[PDB]
């Protein structure tokens, strides 16, 4: 039953839906009852009990298809932890805004922006679609 490094060059056991009959049995050394069970398997399988049938399955295979195919909760740990580190990055960006960046230029002040915005509409910036197109020059207001 123990798999060793020094066994790498030998056929090994795998549970894969797409390779259902692996190259070796799951259990290679049998107990005396396991051995007699194998002897019993050579007679009609209708004489084997359910528990003996299950045991013959489990000597050949490690996990059933239902077991090997099961879904897990790992996605919760992945998505949660990715969110936590993304949240941590925002701490870094709060530190950089507080300690690294100085004031932005005065052209971002509310009054500058209001005047600059008028002057864009005076020169009809993007008058066909992008910007002045959205201003109503008759009603003197943004188009609804």
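Positions refer to the first chain, counted from 1.
Per the deposited coordinates, the residue with the largest Cα temperature factor out of 116, 77, 89, 31 is 31. Residue 107 sits in the lowest third of its chain by CA B factor, as recorded in the PDB entry.
Residue 27: CA B factor in the middle third of modelled residues in this chain (values from the PDB entry). Ranked against the other modelled residues of its chain, the C-alpha B-factor of residue 67 as given in the entry falls in the middle third. Among the modelled residues of its chain, residue 59 has a C-alpha B-factor that falls in the middle third, as given in the PDB entry.
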